[PDB]
2 protein chains.
Amino acid sequence: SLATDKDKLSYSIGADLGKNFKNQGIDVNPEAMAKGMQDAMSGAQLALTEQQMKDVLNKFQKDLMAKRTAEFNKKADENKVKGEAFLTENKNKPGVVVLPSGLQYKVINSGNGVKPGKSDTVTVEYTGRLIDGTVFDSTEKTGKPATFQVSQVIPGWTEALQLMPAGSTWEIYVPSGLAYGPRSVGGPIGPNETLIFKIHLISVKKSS
Amino acid sequence: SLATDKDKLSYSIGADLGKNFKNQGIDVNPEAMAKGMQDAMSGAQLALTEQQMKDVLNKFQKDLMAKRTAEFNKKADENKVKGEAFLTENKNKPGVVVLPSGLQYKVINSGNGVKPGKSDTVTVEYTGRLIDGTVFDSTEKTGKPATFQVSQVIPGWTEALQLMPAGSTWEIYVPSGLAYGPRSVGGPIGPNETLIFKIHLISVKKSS
Ligand SMILES: O=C1[C@@H]2CCC[C@H]([C@@H](CO)CN1Cc1ccccn1)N2S(=O)(=O)c1cc(Cl)cc(Cl)c1
Ligand SMILES: O=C1[C@@H]2CCC[C@H]([C@@H](CO)CN1Cc1ccccn1)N2S(=O)(=O)c1cc(Cl)cc(Cl)c1
Ligand SMILES: [Zn+2]
Ligand SMILES: [Zn+2]
Ligand SMILES: [Zn+2]
Ligand SMILES: [Zn+2]
């Protein structure tokens, strides 16, 4: 029973830690953990030498990073394989064009304005989704267009924008190499993920 | 008893956590913590609601930062008071000169070369110590001199260098305002700490 907040806090700390252990593969014994925490807090002689524990925890970290490196490689290869399957089927579909870099696109509506240069600025309404349809960014959520310097977005966009007349709307299919490649820092887009964009290029502006 | 490495690891995790709790004021009950970790790992219904725990842990963090903010303010004011006492006694000592910025210095040996400018580069052999004599940096450990642009060191050094002829050796006493002020990121130098330097200015070089 948890009468006091010392208990409520301790329990809450334990549950948060157990939750992080549970979904990380770390198989730990809560009773042996309580004993070592108690020995540390009481100032008693710990059951392991400073050195034994150091080896214990360093092996722990070594094994942990390896487990997390294998999972990342495993997902990186699954996405890569998924993306290739997708593009292989997509190249066959009507109106799809494949470029040397592997970028694919399909003209929805062809505009009549100018093609932007690698130093230009552009205004676009866009929507981006994973292969499974999961949308991860859209200007339609902002309710207004966005502006980018063509040379300052992912390679897939840079190669696409340079081919679109202003006023056009294209769907582009971006192999991970032209996108975020082996990403391991941002949640929305996993690693080696192929991306699908609807891009409406509104306006092009040069610079000085 | 800790027969297996599951136990050795768990115990070592517990001791490391208890050690970090012990010297942080966090009074926790290891048995109530083991219960909540076990409930999390087993998938059982936790004894507190998701919300109860959230309040528990957020109050915890609030109280923690405050305790750590009060300790820092307390040490910041102790160092500041120590440093002022030191400089008040030091201004009276033979050969000590006090400048408008509060910097104090004492000529050990006067050189005959040029005074460096605020854009110059200099070569110096130096030693820096806290008020209590604790040395925290020295070129005599490197065994060779160091180079700095006068405008790119702590203000105390910038105001001192501009007054020293090359070849001179001075002791300078730097109020924390001319040093690192309320530092809270680096261990060697605490906050609001007054610093004592022996500085030998070897050579001055201009720039283009
Ligand atoms: O080049 C891009 C691409 C292409 C269109 C513009 C957006 C912005 C975010 O609004 C991210 N960039 C710019 C960029 C991102 C990373 C490094 C360098 N440049 N993205 S994005 O793919 O829609 C995107 C949007 C968001 Cl919110 C997160 C991520 Cl990880 C990716
Ligand atoms: O202005 C300084 C002063 C003055 C002499 C040169 C050294 C260097 C480190 O070798 C640090 N600097 C430069 C500096 C430090 C911080 C921000 C901007 N400039 N220090 S120092 O005071 O000896 C010093 C040395 C070391 Cl190792 C750590 C600290 Cl926190 C401070
Ligand atoms: Zn957005
Ligand atoms: Zn190209
Ligand atoms: Zn050094
Ligand atoms: Zn000045």
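Note that ligands are numbered from 1 as they come in the structure, with each ligand's atoms numbered from 1 the same way. Values below: all heavy atoms of this structure, side chains included; hydrogens, waters and symmetry mates excluded. All chains are named by letter (A, B, ...) in the order of the sequence lines, taking the proteins before the strands, and each is independently numbered beginning at 1.
A donor-acceptor pair shorter than 3.5 Å cannot be found between the side chains of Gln52(A) and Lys8(B).
Side-chain N or O atoms of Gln149(B) include none that pairs as donor or acceptor with a backbone N or O of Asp120(B) at under 3.5 Å. At least one donor-acceptor pair under 3.5 Å links the side chain of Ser184(A) to the backbone N or O of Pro182(A).
Here the closest non-hydrogen pair linking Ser138(B) and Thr142(B) is O-OG1, 3.8 Å.
No other N/O/S atom of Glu159(A) lies as close to the Zn ion (ligand 4) as OE2 does. The atom of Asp137(A) nearest to the Zn ion (ligand 3) is OD1, with the search restricted to N, O or S atoms.
Between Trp157(B) and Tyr126(B), a ring centre-to-centre spacing shorter than 6.0 Å is recorded.
Listed by number with element, the atoms of ligand 2 under 4.0 Å from a non-hydrogen atom of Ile154(B) are 1 (O), 2 (C). Using a 4.0 Å cut-off to heavy atoms of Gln152(B), the atoms of ligand 2 that qualify are 13 (C), 19 (N). For ligand 2, the atoms closer than 4.0 angstrom to any heavy atom of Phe197(B) are 22 (O), 23 (O). Close approach of ligand 2 to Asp137(B) (heavy-atom distance below 4.0 Å) involves ligand atoms 10 (O), 23 (O), 25 (C), 27 (Cl).
By the 3.5 Å distance cut-off applied to N or O atoms, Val153(B) is not counted among the residues near ligand 2.
Here CD of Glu171(A) is found 10.0 Å from OG1 of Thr127(A). Values are rounded to the nearest 0.5 Å.
For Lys80(B) and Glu84(B), the salt-bridge test fails: no basic side-chain N is under 4.0 Å from an acidic carboxylate O.
When non-hydrogen atoms are compared, ligand 2 lies under 4.0 Å from the side chain of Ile189(B) (C-beta onward) but not from its backbone.
Taking a distance limit of 4.0 Å, we find that atom 28 (C) of ligand 2 is approached by no protein heavy atom.
Distances from atom 31 (C) of ligand 2 to the heavy atoms of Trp157(B), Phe148(B), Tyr126(B), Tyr180(B) put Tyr180(B) nearest.
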